[PDB]
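To keep things clear, I will list the structure first and then write my remarks on it.
Just so you know, residue 1 is the first one in the sequence shown, and it goes up from there. For ligands, and for the atoms within them, numbers begin at 1 and follow the listed sequence. Side-chain atoms are counted along with the backbone in the values below, which use heavy atoms only and exclude waters and symmetry mates.
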Amino acid sequence: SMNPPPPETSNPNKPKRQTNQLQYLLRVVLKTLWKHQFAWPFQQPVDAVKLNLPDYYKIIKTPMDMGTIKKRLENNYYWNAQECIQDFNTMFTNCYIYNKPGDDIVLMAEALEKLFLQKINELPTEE
Ligand SMILES: COc1cc(OC)c2c(=O)[nH]c(-c3cc(C)c(OCCN4CCCC4)c(C)c3)nc2c1
């Protein structure tokens with residue numbers, strides 16, 4: 001069994017910026033979710049080999065996780081807040097697509113997503 005390579009976190013070809021919205025995504029959004037009791041399954045790529053989920057990357061063709069998002073924010077990968085918000089939504093959607101209502105992982109994702117929605121509702125206007 002084999003995991004795919006992780007998503008890209010560095011790419012000198014990619015355009016990027018620092019902005020106040022991206023700062024908020026790191027300081028407020030990511031750090032709020034990261035510290036939550038239910039964060040840990042989402043803090044790194046799904047290890048389908050050790051978890052014995054051999055169909056994971058058959059179903060999930062755009063993997064995403066908060067470890068990747070953390071690296072992207074720390075490494076100034078993004079051009080805008082949309083790109084980062086999309087990564088969070090990909091992560092949640094993957095979980096919902098792969099699993100079933102009521103699964104522990106789905107309940108965990110929902111708790112994180114609740115907080116995500118609350119924080120992104122107060123994303124500041126661009127400076
Ligand atoms: C450690 O980090 C992660 C991260 C993840 O996503 C971010 C996932 C993920 O999406 N799914 C699962 C996962 C989900 C279920 C339902 C599952 O089944 C339990 C037993 N079954 C229930 C009923 C009959 C028997 C098993 C073995 C694994 N594990 C993950 C682990």
Could you tell me whether atom 25 (C) of ligand 1 has at least one protein heavy atom nearer than 4.0 Å?
-> no
Shortest non-hydrogen separation from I105 to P41 and the atoms involved = CD1-CB, 3.5 Å
Would you indicate whether the side-chain heavy atoms of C84 and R72 approach each other to under 4.5 Å?
-> no
For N99, is at least one N or O under 3.5 Å away from an N or O on ligand 1?
-> yes
Looking at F42, which atoms of ligand 1 are within less than 4.0 Å of one of its heavy atoms?
-> 7 (C)
May I ask you to identify the nearest protein heavy atom to atom 4 (C) of ligand 1, giving residue, atom name and distance to one decimal place in Å?
-> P41 O, 3.4 Å
State, with a plain yes or no, whether a side-chain heavy atom of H36 is found less than 4.5 Å away from one of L112.
-> yes
Is the shortest distance from atom 7 (C) of ligand 1 to a protein heavy atom below 4.0 Å?
-> yes
Heavy-atom distance from atom 17 (C) of ligand 1 to the protein below 4.0 Å?
-> no
Regarding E83 and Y77, is there a side-chain donor-to-acceptor distance under 3.5 Å anywhere?
-> no
Are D87 and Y78 side-chain neighbours, meaning at least one heavy-atom pair lies under 4.5 Å?
-> yes
Applying the 4.5 Å side-chain criterion to the ILVMFWY set and letting contacts propagate, would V49 and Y98 be lumped into a single cluster?
-> no
From atom 28 (C) of ligand 1, work out which of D65, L53, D103, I59 has a heavy atom at the shortest distance.
-> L53
Please examine the side chains of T19 and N80, heavy atoms only from C-beta on, and report whether any two atoms are closer than 4.5 Å.
-> no
Distance flag for atom 20 (C) of ligand 1, protein heavy atom under 4.0 Å | no
When you look for heavy atoms under 4.0 Å from ligand 1, do you find them on the side chain of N94, its backbone, both, or neither?
-> neither
So which protein heavy atom does atom 5 (C) of ligand 1 come closest to, and at what separation?
-> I105 CD1, 3.6 Å
Look at the side chain of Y57 and the backbone N and O of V46, then say whether any donor-acceptor pair between them is shorter than 3.5 Å.
-> yes
May I ask you to identify the nearest protein heavy atom to atom 31 (C) of ligand 1, giving residue, atom name and distance to one decimal place in Å?
-> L51 CD1, 3.5 Å
